[PDB]
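Numbers and lists here come from the model and the stated rules, or from a named source; no laboratory instrument gave them. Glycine gets a Cβ as well: all are built from the backbone with ideal geometry, and neighbour counts include every protein chain shown.
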Amino acid sequence: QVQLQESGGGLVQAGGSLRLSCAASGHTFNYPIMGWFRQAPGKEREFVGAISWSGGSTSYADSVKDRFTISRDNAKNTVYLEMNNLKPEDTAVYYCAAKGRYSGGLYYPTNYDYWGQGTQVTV
Amino acid sequence: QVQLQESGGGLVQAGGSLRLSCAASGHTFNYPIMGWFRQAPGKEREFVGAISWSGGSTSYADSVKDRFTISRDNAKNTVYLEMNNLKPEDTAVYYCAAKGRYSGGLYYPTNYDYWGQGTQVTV
Amino acid sequence: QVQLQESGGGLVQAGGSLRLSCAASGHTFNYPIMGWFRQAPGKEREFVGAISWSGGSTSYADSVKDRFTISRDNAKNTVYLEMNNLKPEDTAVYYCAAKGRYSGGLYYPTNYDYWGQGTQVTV
Amino acid sequence: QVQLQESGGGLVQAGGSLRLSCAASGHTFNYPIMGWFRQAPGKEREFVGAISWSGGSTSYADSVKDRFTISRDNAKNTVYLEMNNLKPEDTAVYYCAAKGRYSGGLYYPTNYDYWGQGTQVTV
Amino acid sequence: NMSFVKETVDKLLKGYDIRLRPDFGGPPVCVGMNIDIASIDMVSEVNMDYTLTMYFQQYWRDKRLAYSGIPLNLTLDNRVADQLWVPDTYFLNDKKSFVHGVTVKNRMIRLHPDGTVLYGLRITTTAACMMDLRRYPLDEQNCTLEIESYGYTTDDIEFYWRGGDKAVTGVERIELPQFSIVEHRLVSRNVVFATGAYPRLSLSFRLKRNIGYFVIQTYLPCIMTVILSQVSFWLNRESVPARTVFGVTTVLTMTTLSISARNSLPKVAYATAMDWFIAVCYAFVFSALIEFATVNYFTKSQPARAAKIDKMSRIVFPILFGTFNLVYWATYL
Amino acid sequence: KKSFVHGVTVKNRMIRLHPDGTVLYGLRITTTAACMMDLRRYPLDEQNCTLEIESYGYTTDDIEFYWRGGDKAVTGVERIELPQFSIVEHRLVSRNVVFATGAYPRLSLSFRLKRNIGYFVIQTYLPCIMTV
Amino acid sequence: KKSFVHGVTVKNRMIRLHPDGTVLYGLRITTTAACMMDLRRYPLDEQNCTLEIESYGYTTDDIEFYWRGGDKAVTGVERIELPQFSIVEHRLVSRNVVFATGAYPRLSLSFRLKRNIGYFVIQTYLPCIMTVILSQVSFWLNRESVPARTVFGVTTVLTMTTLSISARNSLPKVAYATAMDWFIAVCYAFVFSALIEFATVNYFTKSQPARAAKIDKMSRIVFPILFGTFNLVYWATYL
Ligand SMILES: *[C@@H]1O[C@H](CO)[C@@H](O[C@@H]2O[C@H](CO)[C@@H](O[C@@H]3O[C@H](CO[C@H]4O[C@H](CO)[C@@H](O)[C@H](O[C@H]5O[C@H](CO)[C@@H](O)[C@H](O)[C@@H]5O)[C@@H]4O)[C@@H](O)[C@H](O[C@H]4O[C@H](CO)[C@@H](O)[C@H](O)[C@@H]4O)[C@@H]3O)[C@H](O)[C@H]2NC(C)=O)[C@H](O)[C@H]1NC(C)=O
Ligand SMILES: *[C@@H]1O[C@H](CO)[C@@H](O[C@@H]2O[C@H](CO)[C@@H](O[C@@H]3O[C@H](CO[C@H]4O[C@H](CO)[C@@H](O)[C@H](O)[C@@H]4O)[C@@H](O)[C@H](O[C@H]4O[C@H](CO)[C@@H](O)[C@H](O)[C@@H]4O)[C@@H]3O)[C@H](O)[C@H]2NC(C)=O)[C@H](O)[C@H]1NC(C)=O
Ligand SMILES: *[C@@H]1O[C@H](CO)[C@@H](O[C@@H]2O[C@H](CO)[C@@H](O[C@@H]3O[C@H](CO[C@H]4O[C@H](CO)[C@@H](O)[C@H](O)[C@@H]4O)[C@@H](O)[C@H](O[C@H]4O[C@H](CO)[C@@H](O)[C@H](O)[C@@H]4O)[C@@H]3O)[C@H](O)[C@H]2NC(C)=O)[C@H](O)[C@H]1NC(C)=O
Ligand SMILES: *[C@@H]1O[C@H](CO)[C@@H](O[C@@H]2O[C@H](CO)[C@@H](O[C@@H]3O[C@H](CO[C@H]4O[C@H](CO)[C@@H](O)[C@H](O)[C@@H]4O)[C@@H](O)[C@H](O[C@H]4O[C@H](CO)[C@@H](O)[C@H](O)[C@@H]4O)[C@@H]3O)[C@H](O)[C@H]2NC(C)=O)[C@H](O)[C@H]1NC(C)=O
Ligand SMILES: *[C@@H]1O[C@H](CO)[C@@H](O)[C@H](O)[C@H]1NC(C)=O
């Protein structure tokens, strides 16, 4: 099993920056890919981006592309999400998820086995 | 050939525990899997459980599941059967059997080549 | 080529024993299997038994089974035929033959390339 | 990427000789084959010749065959084109091109990814 | 009865379109999986795969294949499968699999008057099993067999383990020299791709590695080569060449152990539990050399001190190595 | 150099038709493809391995290729798990290449593999530096 | 694990019909089949390799198997020519085995392979025995050539480890010790002890030179006798 916990969420002013963290414990090897999802009050759960076990390869949503960056540090069992030039459209509860090695496509939340109770970001 | 002999059978009071042993001699390598069967006075010979050559993998009947445990000690050429929380339904002559490497399914006694003349358990 | 010579044939009384030898010279490697045939006065040439190059595996006729034993000693390039509990039905000229590596079935004399002029056994 | 630059172009009298050079910089490994093309005022861009990464194998047009020679010197990241017994038909802007590893036939200019702004030869 | 039956079969296959699943436009087909493991033949740390042999049985219901008249289940020649519809089940994580061919294609078809089909295959797969060799060779691994349909979505196909927990057999039959199966697990999931949502079943093993081979081939050579280095402490300082022989040979036989031990693995970029052990063993032999080099540096200047260095080393070195072992082994068992 | 399409339990290929007339033809393929390597800065190197996709017989007069979804046509680079390398980026390309028999469509998938040095310090740098 | 039917020049299969209706269907097949091996007494072992023959789909309700000609149903065991083994006997069996999908017919062909030790003496036992004899030569050399006698010590100990490792490399990664592994382990004792012996001799070599020389003079006779009698017990035990 795996246990994920987030932090770094808070109030930020538009055009601002913020860094979210996700610390993991347990069988992180069996769930190599880490993903970020956000859930606005009204809208459905949206894919933000994801990162690989080696940390080399990433993938972002178009809306979030070029304004956010996801990084990994397997030394600290933690993935980071730097959000720069923030818009009010970005306001949501940001979730951290871990996906199994053979669990299909990145974009679809179904496939992620383990989540962390999210942190709020308001802009 | 192989020769099997049991011990540890006796009178026990309900909810009690008992440990049966089966000591083996001869070509134990050619007959890696060991099985436990029990035969009530009226009823047919029933599969209890079984254990592998490596000793790692086991398999139990549903009735006996969670109340019995089978273990191996290839050092002493012996398999053990610990029966805990015994019921009067468990009363029977408990047999010890050895199965050939490619002898088909565990549950069916036909497939076991060598048996030991069983020990009585009454509850 | 190969050259085979027998010995040990003689007069024996019923229930008696006798040991036939067959000493070989030349390319014994190219003709690994050795065979024993006997030819009664009236009957056809009959297969007695045969032995392998390694000497481990043998094969005997049913009539001769359990009363004869064939052995090899590649040290002396010799195969032996011990005939115990001899019957009058065993009376014949006993032949020694060598078969090529891929020469088909043991029982059929055609397949053997080299023979030795046989020795008489009378019972 | 790759950057190519030529030199050595000038005025020459018929039957004369001239040596063109092409100095390359950047990812020259990804574009192993080098090619020479010439463009007359009216006519279309014509294949002159080409040379391999190892420098061993070359290939020339029929018109230019026997009168020109192409050489490589990977030490200086440079290919040379020696033009001897020059004719007035040879008058053109001589180009230097680099082709990708799996880019199809030598003769066709489309396939070359990188060119250098050519040098003039008049005869 | 033989003529009667050929007709009933011929009518089953008259107008049968293999292109259409059962209930083509209708509900999805419940396909029941049933595996009987024959053997795991090989486990490669180098290629991070394992090779598996199984009987793979599938049950589904094609109403087109119902027969009322006949009073038995019909076992037909395997070649009928070519003229039946069968589910497009594959193994997601296989590198190379094949279906045994001798003496005939190892596949079974049994029909039931129900219309229920039983389609057995004997398959050997070599499937990917990514390995966490960090605690090697005191490790265990989780190797899986991901079973999915290639083309048909959840709208058309469903998978289920036939018999639930009891759907898989033969884990007891697995006989690996190097591992032992601690448990196995069955799972049922729906996975989502771009082309839609597909059914998956995931069979998993947990392989605990036996260390017998590795003590013989690595730990003993290392531990003995460390003990050898510390014998040089009991030789008089004045045989400088003798004690350099002990120094140099033990240091080189330590590097050669660390390299040859690394050669049986994949070129992972982390250090295994064995790699630390060997690294520490290298410290104990390189230290033993530097110790002597120091002893030799005082051996005429201050001979009293040099001889005391030895007398200390003769006791400090083995105690440290002894207590190191007790910490290392406790930590990794 | 050698490719094959997986066969178990059935030929791993999919056909989905649409009332449109549009066909979806999926294959599961393992290829071993050539990747010429510049080992000059080995083992502190990186390499560019490609998969050149082309039609064998049909020219541009008969066939066109395009990456369906542009930049987003390729998925799974994140799933690559190599002990010895890591994928720094990948690139999609669309080109027309010209042979003697005519001009054909090509798509080029490329990876950039950065080599991890962990193995080489353990095996070759430490032995060398320690032997010095 | 993998079997195939020969193809050249035509698929190697025969069909002969009889007016009876009886069919004769011959195939030439090469199989590589699993033979789990008990390498505990290796290389003084023997193994029991089998060929289990069964029908894939058809139960006992539809198919029966029998060895045609009983004992005499299998031929060619005499033709087997293995460099490393020899076939001591073979056995035919007929059984009915029960699976979940029903009861099937099986025939089981078995061989017993006795391993020839010739290869292993040449490539192991001699190197081990000679490397033990080499270690004990150092007892006949003046104790005062400390470097000489450490050369004998160290080289014999290392050539012993490399024998035990290289001998282990031709086998599967089994977790038990083979009869050869003991022999080699004991040989390692005899060479490591021969070193420690000298190390002791060197420790007394000025303190009590009389004692040091007596240790050697004892060792010169104790060591070979113990190694000699060890061999006689080991070989008797495993033959
Ligand atoms: C490599 O090793 C293989 C063996 O492992 C060698 O092969 C052997 O080569 C020799 C020749 O060097 C062969 O001997 C010849 O055999 C033929 C067989 O003819 C067959 O058909 C005939 C026609 O119907 C029939 O008459 C024969 O039957 C008689 O002979 C056989 C013995 O061969 C005997 O068993 C019968 O009872 C019959 O009496 C037989 O079925 C044969 O025709 C040859 O005879 C010629 O040579 C002899 C002298 O040897 C001469 O006197 C004759 O006049 C005649 O010219 C000859 O005997 C042998 O068959 C090969 N065996 C196999 C298994 O292949 C091979 O030669 C080696 N290589 C090299 C480079 O040497
Ligand atoms: C080898 O390693 C793999 C992982 O890499 C392990 O596989 C995981 O195994 C666990 C079980 O140990 C699986 O968890 C199970 O998942 C099932 C599917 O859940 C998803 O889908 C359902 C809808 O169908 C959703 O409701 C749910 O939220 C998930 O999105 C569940 O049905 C199981 O639930 C059961 O157990 C849980 C507690 O474990 C209970 O809370 C439930 O009530 C219920 O009883 C369960 O959660 C997991 O999906 C597997 N992942 C993959 C990718 O395989 C292997 O177990 C491991 N092998 C060994 C031997 O260790
Ligand atoms: C290699 O290793 C394998 C095991 O891994 C050995 O296999 C066993 O070999 C023995 C023979 O040595 C087999 O025993 C025989 O089984 C036959 C089948 O029995 C079935 O059918 C009979 C009725 O016909 C039932 O009674 C029985 O319960 C089974 O349903 C028996 O018919 C044989 O009986 C014959 O021999 C006995 C004495 O052994 C006589 O008393 C009888 O009268 C009769 O003549 C016999 O019992 C056993 O089945 C094999 N098991 C497997 C799993 O294959 C190989 O022998 C071994 N080979 C070598 C060379 O090492
Ligand atoms: C591994 O190595 C290979 C080479 O060995 C690299 O592949 C090359 O990648 C570059 C891009 O980085 C390619 O260059 C691009 O070619 C496109 C196609 O050009 C042809 O066709 C168009 C019409 O379809 C014509 O206009 C053109 O003249 C050519 O005939 C161009 O569309 C690209 O231009 C675009 O991008 C550039 C910036 O890169 C802009 O300046 C332009 O305005 C435009 O937007 C570009 O020129 C090249 O063709 C590839 N070569 C081959 C043989 O595939 C891999 O990139 C490399 N990968 C890694 C990861 O190392
Ligand atoms: C046919 O199969 C069914 C299982 O679906 C079984 O109950 C039935 O007994 C079988 N028929 C025969 C003749 O055994």
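Some points to look at:
- Boolean, A:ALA61 is away from chain F (no Cβ under 13 Å), surrounded by fewer than 21 Cβ atoms within 10 Å (Cβ to Cβ) and either touching a residue at least 12 places away in the same chain (Cβ under 8 Å) or within 20 Å of F:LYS114 (Cα to Cα) (or both): no
- Restricting the stretch B:81-123 to residues that are farther than 24 Å from E:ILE37 by Cβ and of a type in the set (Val, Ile, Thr) leaves a set whose member that is farthest from ligand 3 (Cβ to nearest atom) is B:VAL123.
- Residues considered: E:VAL245, E:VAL251. Of these, the only one that is facing chain G (nearest Cβ under 9 Å) and either crowded, with 23+ Cβ neighbours inside 10 Å or touching a helix residue (DSSP H, G or I) at 6+ places or on another chain (Cβ under 7 Å) (or both) is E:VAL245.
- B:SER103 meets each of the listed conditions (1) within 11 Å of chain E (Cβ to nearest Cβ); (2) part of a loop (DSSP other than H, G, I, E, B); (3) in contact with a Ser or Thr (Cβ under 8 Å, 6 or more places away or on another chain); (4) not basic (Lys, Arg) apart from (3).
- Exclusive hit being more than 16 Å from ligand 5 (Cβ to nearest atom), without any contact (Cβ under 8 Å) to a residue 24 or more places away in the chain and at negative phi, set D:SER52, D:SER21: D:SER52
- Cβ-Cβ distances below 8 Å connect the following pairs, each with a first residue in the stretch E:34-45 that is facing chain G (nearest Cβ under 10 Å), a second residue that is of a type in the set (A, V, I, L, M) and surrounded by fewer than 20 Cβ atoms within 10 Å (Cβ to Cβ), and a separation of six or more residues or different chains: E:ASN34/E:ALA167; E:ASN34/G:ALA100; E:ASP36/G:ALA100; E:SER39/G:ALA34; E:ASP41/G:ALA34.
- Every residue from the stretch A:77-100 that is within 10 Å of chain E (Cβ to nearest Cβ) and either away from ligand 2 (no atom under 16 Å from the Cβ) or over 20 Å from A:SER25 (Cα atoms) (or both): none
- Among the candidates F:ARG115, F:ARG40, residue that is within 30 Å of E:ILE259 (Cα to Cα) and either loosely packed, with under 12 Cβ neighbours inside 10 Å or of a type in the set (S, T, N, Q) (or both): F:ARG40
- Scope the stretch G:81-98; condition without any contact (Cβ under 8 Å) to a residue 12 or more places away in the chain and within 14 Å of ligand 3 (Cβ to nearest atom); matching residues: G:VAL98
- For the condition assigned to a helix (DSSP H, G or I) and of a type in the set (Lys, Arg), E:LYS311 qualifies.
- G:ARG115 vs. criteria free of Cβ contacts under 8 Å to residues at least 12 places away in the same chain and more than 9 Å from every other protein chain (Cβ to nearest Cβ): no
- Set G:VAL186, G:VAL191, G:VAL201, G:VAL222: member being free of Cβ contacts under 8 Å to residues at least 24 places away in the same chain and within 21 Å of G:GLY153 (Cα to Cα): G:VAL222
- Flag for A:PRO41 being over 14 Å from the mean Cα position of the chain (by Cα) and more than 16 Å from ligand 4 (Cβ to nearest atom): yes
- Filter result (within 14 Å of ligand 4 (Cβ to nearest atom) and either touching a residue at least 40 places away in the same chain (Cβ under 8 Å) or of a type in the set (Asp, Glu) (or both)) within the stretch D:74-102: D:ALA97, D:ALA98, D:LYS99, D:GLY100, D:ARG101
- Subset of the stretch F:1-16 (residues that are out of contact with any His (no Cβ under 6 Å at 6 or more places or on another chain) and within 10 Å of another protein chain (Cβ to nearest Cβ)): F:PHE4, F:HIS6, F:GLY7, F:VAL8, F:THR9, F:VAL10, F:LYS11, F:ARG13, F:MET14, F:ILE15, F:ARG16
Quick grid of which residues meet (1) within 16 Å of ligand 3 (Cβ to nearest atom); (2) in the same structural domain as E:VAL31 (by CATH); (3) hydrophobic (A, V, I, L, M, F, W, C); (4) under 20 Å from the mean Cα position of the chain (by Cα):
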residue	(1), (2), (3), (4)
E:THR144	no, yes, no, yes
E:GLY163	no, yes, no, no
E:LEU201	no, yes, yes, yes
E:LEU220	no, no, yes, no
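- Complete set of residues in the stretch E:141-174 that are among the charged types (D, E, K, R) and surrounded by fewer than 19 Cβ atoms within 10 Å (Cβ to Cβ): E:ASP155, E:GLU158, E:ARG162, E:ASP165, E:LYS166
- Only residues that are of a type in the set (S, T, N, Q) and in contact with an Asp or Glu (Cβ under 6 Å, 6 or more places away or on another chain) were counted across the stretch A:27-58, and they come to 2.
- Scan the stretch G:1-45 for residues that are over 24 Å from the mean Cα position of the chain (by Cα), part of a loop (DSSP other than H, G, I, E, B) and of a type outside the set (D, E, K, R) and the total you get is 10.
- Put simply, of D:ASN111, D:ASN77 the only residue that is polar (S, T, N, Q) and buried (at least 18 other Cβ atoms within 10 Å of the Cβ) is D:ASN111.
- Selected residue (criterion: surrounded by the fewest Cβ atoms within 10 Å (Cβ to Cβ)) from residues of the stretch A:80-108 that are touching a helix residue (DSSP H, G or I) at 6+ places or on another chain (Cβ under 8 Å) and closer than 30 Å to E:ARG200 by Cα: A:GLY105
- The lone exception for E:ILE216 - which of (1) over 13 Å from the mean Cα position of the chain (by Cα); (2) over 24 Å from B:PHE29 (Cα atoms) it fails: (2)
- Filtered by the rule that a residue be assigned to a loop (DSSP other than H, G, I, E, B) and β-branched (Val, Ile, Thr), the stretch E:258-275 gives E:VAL268, E:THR272.
- Residue in the stretch B:24-32 that is under 26 Å from G:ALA103 (Cα atoms), under 14 Å from the mean Cα position of the chain (by Cα) and either buried (at least 20 other Cβ atoms within 10 Å of the Cβ) or touching a residue at least 60 places away in the same chain (Cβ under 8 Å) (or both) present: yes
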